[PDB]
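Here is the structure we will look at.
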Amino acid sequence: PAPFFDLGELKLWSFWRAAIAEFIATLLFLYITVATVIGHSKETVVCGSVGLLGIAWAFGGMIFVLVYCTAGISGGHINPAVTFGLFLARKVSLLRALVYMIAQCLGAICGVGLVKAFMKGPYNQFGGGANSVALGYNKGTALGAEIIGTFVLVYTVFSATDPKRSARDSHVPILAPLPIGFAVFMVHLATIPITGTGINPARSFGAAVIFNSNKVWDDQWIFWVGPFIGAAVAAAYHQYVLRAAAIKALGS
Amino acid sequence: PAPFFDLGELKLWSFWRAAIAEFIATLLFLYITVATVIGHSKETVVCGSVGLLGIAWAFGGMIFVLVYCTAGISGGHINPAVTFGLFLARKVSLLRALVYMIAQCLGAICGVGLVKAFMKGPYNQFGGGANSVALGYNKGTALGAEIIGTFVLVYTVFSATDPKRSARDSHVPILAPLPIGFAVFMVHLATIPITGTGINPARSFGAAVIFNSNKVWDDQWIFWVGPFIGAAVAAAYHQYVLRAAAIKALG
Amino acid sequence: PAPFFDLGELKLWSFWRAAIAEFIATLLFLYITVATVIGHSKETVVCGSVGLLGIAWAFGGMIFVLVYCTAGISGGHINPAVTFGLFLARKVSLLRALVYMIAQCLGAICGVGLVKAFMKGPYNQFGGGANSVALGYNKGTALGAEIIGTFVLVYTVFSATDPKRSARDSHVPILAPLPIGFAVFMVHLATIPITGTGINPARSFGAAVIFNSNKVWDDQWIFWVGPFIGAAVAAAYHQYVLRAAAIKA
Amino acid sequence: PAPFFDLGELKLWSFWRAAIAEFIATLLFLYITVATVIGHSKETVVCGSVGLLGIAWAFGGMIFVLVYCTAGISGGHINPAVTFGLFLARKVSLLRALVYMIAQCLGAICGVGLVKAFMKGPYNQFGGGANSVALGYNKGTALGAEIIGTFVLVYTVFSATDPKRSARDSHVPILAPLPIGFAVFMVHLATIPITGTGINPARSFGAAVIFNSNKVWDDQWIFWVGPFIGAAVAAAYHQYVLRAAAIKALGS
Ligand SMILES: CCCCCCCCO[C@@H]1O[C@H](CO)[C@@H](O)[C@H](O)[C@H]1O
Ligand SMILES: CCCCCCCCO[C@@H]1O[C@H](CO)[C@@H](O)[C@H](O)[C@H]1O
Ligand SMILES: CCCCCCCCO[C@@H]1O[C@H](CO)[C@@H](O)[C@H](O)[C@H]1O
Ligand SMILES: CCCCCCCCO[C@@H]1O[C@H](CO)[C@@H](O)[C@H](O)[C@H]1O
Ligand SMILES: CCCCCCCCO[C@@H]1O[C@H](CO)[C@@H](O)[C@H](O)[C@H]1O
Ligand SMILES: CCCCCCCCO[C@@H]1O[C@H](CO)[C@@H](O)[C@H](O)[C@H]1O
Ligand SMILES: [Hg+2]
Ligand SMILES: [Hg+2]
Ligand SMILES: [Hg+2]
Ligand SMILES: [Hg+2]
Ligand SMILES: [Hg+2]
Ligand SMILES: [Hg+2]
Ligand SMILES: [Hg+2]
Ligand SMILES: [Hg+2]
Ligand SMILES: [Hg+2]
Ligand SMILES: [Hg+2]
Ligand SMILES: [Hg+2]
Ligand SMILES: [Hg+2]
Ligand SMILES: [Hg+2]
Ligand SMILES: [Hg+2]
Ligand SMILES: [Hg+2]
Ligand SMILES: [Hg+2]
């Protein structure tokens, strides 16, 4: 029976800085990625943007950069679904988890907020970076895609945990950033045409909050439930089926 | 004569988990990559997809990710031709090889099956992620391109083996993931116009089973014979010509 | 209060070689990237160029390559804003900072000059690799984008410092090149549509000097002020808020 | 002062295998990259190929892969200009250099030969992967682009040399492969519009020999002379100006 918090949460100066790092990181994540999306969507020259490929790179490349910078401070989650998966495997206390998830959402809101402020017209005209079910797919397909996508991501996160090194003043495992960055990249390549790719409830929520349309709000549940389920299946797979929690993957 | 199995295969709990890791990995491989292919093919706006470059990245990048995740558990093969090459070099017993190959084929079938379940009309309309000889090329060319493409891959795999570290409870060498993923990305840049790029019999077999068309079944043998030959040539070249089995590469 | 220089700047042989490395690397940075940009802009076959994605790669990949080559010699800055940020965190002395910034600017001018010499017509006709505010955006937006873009870069730079290893005969920290190259790549994907992406006053200045147009000079201050502000905030955030100078990523 | 050969060249089993590794690697380099070029050029559907970006990746990524595989056997040169630069810096003997340059040239010819054998029609119709001076540039510009191009590559090679580890039975330094591959990738982004990008006399020679057109042969001297000069200048810069031969670069 896992306690609500532990002594690492009483190291308040570090715990506060971990929270800030998650907040600022998720802000930057959303700023760079949604600005990339809007910059793409608004372009009038045919084949004169960074393209869907550029967009998939923005999301994957930013998770690489942000986990690189924050792994030693917070554990580098940038993603309620990642925090949720790790909480389920008891690598993160409930109190740390909820503090991280709030930070991530508020940061996502602020980041999309910044994109709207910089490019209000194109932002509103071209869908505000929001996830929703694309034409021709049903909600069940959307949800399945969000589950398997988040699974790929959360399973990569588990395999990328360092069993010996932890974020400052915590037991939160350090994460190897490149493979997690690449997993995000891969999932976007597959999933952009179906939902835009969520796999990150905060990323989806921030976009929904700022864009604020009925259609986007109606689909929003898929981007919470899908990722949380995917994360849960990844935690069970890694912990229970493969028994791989002590394994250190050799990065490349 | 190499024995059928060794004491590592009597470590039943680990060996079962290695098979599962190969099953799940190959399922995820086919799912991400075939969904990317179908997603590209169905897009109605010109230059509005991830393009053939995005497709090549999906195959090379997923191999990087999956070998990264599974090297420590199974050895990270995700590919009967890789398993076969290592079997010929005696790094894998016959029993482990067959179990890995079966696991990989079944995984592939399941991953493509999942793409079809998600997008049935576009899945069948745009060719099902299947390999075949493209218009304008002959069988000999397709076969040669699969041999050499598999050679580049399997030579890289051999170069990437860690001579001191093995998968859990085994002597299956750990593999450096990024050069292998890049090798796959590279071969796809070259071979997509010829065959769609096989270099992986389970990848080609999973798509042939789910798509189930005469043309795809007709060409299927190329995607077994080509990679198996390329793998044997790479094994022979690494082991006998260069004698580089103890060599530890860094990247 | 910081001293103008320290004993490391009296190792003249090394200090001069560090300046040359920053000079040559920034030259190479501008040549490869602006040649890519002009090469893309002049192509006549629609979809026949490396695309805006290729251009974003040229900027990010060159920083990866150049920092890799020079981190052990100069500290691998290639960028007055990176140098400024490090100077503010007192990782570099005022004298080394100025010598680096001057070397960077002159390197950038020489690299852009070389592109022009190789392809004068296309260079002039397609904008000279210069940064300026793109149509439909205002000065505030361009400035904001440059602040936050440079913040991403310089924050990654600080996370990428090695706390135990330094450039030859100095205390300038070695930098891990790939995260920094990737941060440059990422910022381009977002910012190319807004300003072309500056996040580097020497890269912006090199192009302005060689292209020499009214609009480009008029906007030039943004590409000094924006990155210098972004760098200062990244330095304050890393050192004062996160207190992370001892950490190795 | 440098002797023609040293005792490492008397270790014949290893020297032979190093020559073979260079031969086979250069063959693979030319096959993958030229097949990529021809596959791109023949595409009938607009924006339906890997594009110029994909071609640049084929060249840069194959150098990464091949230097990864061969560094521990031959030193991973794959390129007479690289071998030449290292020779000038006395890192490779004259005998080893010439054996390597011949192996590379023979390898390149075979690699391109394989592409033509597989797809003769489109190979011949779309220019055979040959380098030559593009419309609107003069010989001086192409020469200069090749010099600086090869300078970027060879200076990166020198920076990537491991000062303590060498190829099997030799003193030829091991090379860190990813920066060298990325250098190749960067030079292609800039130089494809000017010459196709040579920066490698074997790669240029192999394509000229197999494509075999009068115009291409006319330009071929640029692709020997430009790279050899760039390599020489890179060697002088690294060795004499920066005195960097003992520095170990930490790769990322
Ligand atoms: C393990 C599963 C292997 C399945 C092999 C499928 C082979 C299908 O092969 C095809 O069979 C058809 C008759 O059904 C014929 O139309 C074709 O001649 C033949 O190519
Ligand atoms: C592990 C399972 C291996 C299955 C290999 C599939 C081989 C399919 O091979 C197919 O066989 C057909 C019928 O003989 C031939 O007509 C086709 O030309 C051939 O491609
Ligand atoms: C080497 C130090 C570089 C200093 C950067 C030069 C900043 C250019 O600033 C420019 O000044 C012009 C003339 O005053 C103004 O008209 C322009 O608006 C402004 O962009
Ligand atoms: C190992 C195979 C080497 C082939 C010889 C290439 C030597 C370069 O010689 C070339 O020969 C061509 C033949 O018509 C002439 O047109 C060119 O002018 C000449 O440069
Ligand atoms: C055997 C490999 C080294 C030889 C390098 C081949 C360079 C060919 O060089 C070519 O020679 C022709 C005739 O000699 C000239 O007319 C061309 O201008 C020149 O490009
Ligand atoms: C286009 C993709 C090229 C990226 C390959 C770079 C090799 C990664 O090398 C290292 O891997 C570590 C493990 O995650 C990271 O912490 C480091 O940032 C990275 O430098
Ligand atoms: Hg939240
Ligand atoms: Hg907020
Ligand atoms: Hg905001
Ligand atoms: Hg994974
Ligand atoms: Hg099988
Ligand atoms: Hg199955
Ligand atoms: Hg399934
Ligand atoms: Hg290889
Ligand atoms: Hg300056
Ligand atoms: Hg200059
Ligand atoms: Hg110049
Ligand atoms: Hg960062
Ligand atoms: Hg030669
Ligand atoms: Hg040959
Ligand atoms: Hg041949
Ligand atoms: Hg370099």
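Computed from the coordinates by the stated procedures, all read-outs in this text should not be read as laboratory data. Reconstructed Cβ throughout: ideal geometry from the backbone, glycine too, with neighbour counts over all protein chains shown.
Spelling out what I want: for every residue of the stretch A:210-222, take phi, set θ = phi - 60°, compute 6.51 cos²θ - 1.76 cosθ + 1.60 (Karplus), and round to whole Hz; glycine and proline get x.
6, 6, 6, 10, 5, 4, 4, 5, 4, 8, 3, 4, 4
With r as the distance between the Cβ atoms of C:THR44 and C:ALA117 and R0 = 22 Å, compute the FRET efficiency 1/(1 + (r/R0)^6) and round to 0.05.
Values: r = 23 Å, r/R0 = 1.03.
Rounded to the nearest 0.05, the efficiency is 0.45.
Treating the protein assembly as shown as a set of equal point scatterers at the Cα positions, no solvent, please give the Debye-formula log₁₀ I(q)/I(0) at q = 0.04 Å⁻¹.
Debye output, listed in q order: -0.17.
Springs between alpha-carbon pairs under 10 angstrom, Gaussian network model over chain D: which of D:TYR155, D:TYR68, D:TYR240 fluctuates most?
D:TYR240
Answer rounded, prolate or oblate for the stretch A:1-47, using the Cα gyration tensor with square roots of eigenvalues a ≥ b ≥ c: rounded when a/c is under 1.5, else prolate when a/b is larger than b/c, else oblate. Write out the running numbers ahead of the final one.
On the way: a/c = 8.75, a/b = 3.48, b/c = 2.52.
Since a/c reaches 1.5 and a/b is larger than b/c, the shape of the stretch A:1-47 is classed as prolate.
State which entries of A:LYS91/C:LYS248; A:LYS215/C:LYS139; D:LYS42/D:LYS215; A:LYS11/C:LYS248 exceed 27 angstrom in Cα-Cα distance in the structure shown. Please report the intermediate quantities before stating the final value.
Details: A:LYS91/C:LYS248 22 Å; A:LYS215/C:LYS139 34 Å; D:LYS42/D:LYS215 21 Å; A:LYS11/C:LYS248 20 Å.
Among A:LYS91/C:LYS248; A:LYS215/C:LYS139; D:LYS42/D:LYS215; A:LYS11/C:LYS248, the Cα-Cα distance tops 27 Å for A:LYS215/C:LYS139.
Amide H neighbours of A:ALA249 under 5 Å, counting only residues 5+ apart in sequence or on other chains, H built in-plane at 1.01 Å?
none
Averaged over every viewing direction, what's the projected area of the C-alpha convex hull for the stretch A:106-182? Give it in nm², one decimal, please.
Numbers: hull surface 31.5 nm².
Mean shadow area of the hull around the Cα atoms is 7.9 nm².
Counting pairs of alpha carbon atoms under 8 Å apart in space and at least six apart in sequence, what relative contact order in percent does the stretch A:152-252 give? Don't jump to the answer; show the numbers that get you there.
Values: 88 pairs, mean separation 38.8, N = 101.
For the stretch A:152-252, the relative contact order is 38 percent.
Less than 12 Å Cβ to Cβ from A:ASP162, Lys/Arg counted +1 and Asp/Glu -1: what total charge do the surrounding residues give? Intermediate values should be presented prior to the final figure.
Working: positive: A:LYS91, A:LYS164, A:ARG165, A:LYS248; negative: none.
Local charge sum for A:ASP162: +4.
Compute a Gaussian network model of chain D, connecting alpha carbons closer than 10 Å, and tell me which residue from D:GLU146, D:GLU43, D:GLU22 fluctuates the most.
Highest fluctuation among the options: D:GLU43.
Contact order normalised by length for chain B, with contacts defined as Cα pairs under 8 Å and 6 or more residues apart; what percent is it? All intermediate terms of the calculation are to be shown ahead of the outcome.
On the way: 453 pairs, mean separation 71.9, N = 251.
That works out to 29 percent.
Tally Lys/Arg at +1 and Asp/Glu at -1 over every other residue whose Cβ is under 14 Å from the Cβ of C:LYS139; what's the total?
Numbers: positive: C:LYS215; negative: C:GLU146, C:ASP218, C:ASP219.
My count for the surroundings of C:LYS139 gives -2.
State, to one decimal in nm, how far the label point of A:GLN125 lies from the label point of A:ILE102, with both points 7 Å from Cα in the Cβ direction.
With each label placed 7 Å out from Cα toward Cβ, I get 4.0 nm.
What does the structure give for A:99-112 when I average, per residue, the other chain Cβ atoms found within 10 Å of the residue Cβ?
On the way: counts 0, 0, 0, 0, 0, 0, 0, 0, 0, 0, 0, 0, 1, 0.
Per-residue shielding by partner chains comes out at 0.
Please rank C:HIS77, C:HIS188, D:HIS238, fewest neighbouring Cβ atoms within 10 Å first, as an exposure proxy.
Details: C:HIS77 34, C:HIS188 26, D:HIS238 22.
Fewest to most other Cβ atoms nearby, the residues stand as D:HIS238, C:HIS188, C:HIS77.
Just to confirm the number: angle between the C-alpha axis of helix A:51-70 and the first principal axis of chain A, 0 to 90 degrees, nearest 10?
So the helix axis and the longest Cα principal axis differ by about 30 degrees.
Give the calculated FRET efficiency between C:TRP217 and D:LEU250 to the nearest 0.05, with a Förster radius of 41 Å applied to their Cβ-Cβ distance.
Numbers: r = 40 Å, r/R0 = 0.97.
About 0.55, to the nearest 0.05.
Tell me which residues come under 5 Å, amide H to amide H, from B:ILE174 once H is placed; ignore anything under 5 positions away on its chain.
Under 5 Å from the amide H of B:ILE174: B:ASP162, B:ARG165, B:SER166, B:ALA167.
I'd like the distance separating the alpha-carbon centroids of the stretch C:135-178 and the stretch C:50-85, in whole Å.
Cα centroid to Cα centroid, the span is 10 Å.
Provide the per-residue ³J(HN,Hα) series for the stretch C:238-246, in order, calculated from phi with Karplus coefficients 6.51, -1.76, 1.60 and θ = phi - 60°, each as a whole number of Hz, with x at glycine and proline positions.
Once θ is set to phi - 60°, the couplings for the stretch C:238-246 become 5, 7, 8, 7, 7, 6, 10, 5, 7 Hz.
Among D:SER213, C:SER74, B:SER166, which comes first, second and so on when ranked by fewest other beta-carbon atoms within 10 Å?
Working: D:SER213 13, C:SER74 31, B:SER166 18.
Ascending number of Cβ neighbours within 10 Å: D:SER213, B:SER166, C:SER74.
Three principal axis extents, largest first, for the C-alpha atoms of chain B, in Å?
53, 37, 34
Taking 7 Å along the Cα-to-C-beta vector as the label spot, tell me the C:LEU7-D:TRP16 distance in nanometres, rounded to one decimal.
5.7
What translational D, rounded to a whole number of µm²/s, comes out for the stretch C:45-126 from Stokes-Einstein when the hydrodynamic radius is the Kirkwood one over Cα pairs, at 10 °C and 1.306 mPa s?
Details: Rh = 14.8 Å.
Estimated via Stokes-Einstein, D reaches 107 µm²/s.
So, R0 is 22 Å and r is the distance between the beta-carbons of C:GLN239 and C:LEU94; what FRET efficiency does that work out to, to 0.05? Please report the intermediate quantities before stating the final value.
Numbers: r = 18 Å, r/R0 = 0.80.
The computed FRET efficiency comes out at 0.80.
Determine ³J(HN,Hα), in whole Hz, for all residues of the stretch D:123-134 in sequence, where each value follows from phi through the Karplus function 6.51 cos²θ - 1.76 cosθ + 1.60 and θ = phi - 60°; x replaces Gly and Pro.
Per residue, the Karplus-derived 3J(HN,Hα) values read 4, 5, 5, 10, x, x, x, 6, 8, 6, 7, 6 Hz.
Averaged across orientations, what area in nm² does the convex hull of the alpha carbons in the stretch D:142-226 project? Before the final figure, lay out the partial values.
Values: hull surface 25.9 nm².
Its Cα hull, projected and averaged over all orientations, spans 6.5 nm².
Taking a cut-off of 20 Å between Cα atoms, list the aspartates and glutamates near A:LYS120, but don't count ones fewer than 8 places away on the same chain.
A:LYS120 reaches A:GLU43, C:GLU146.
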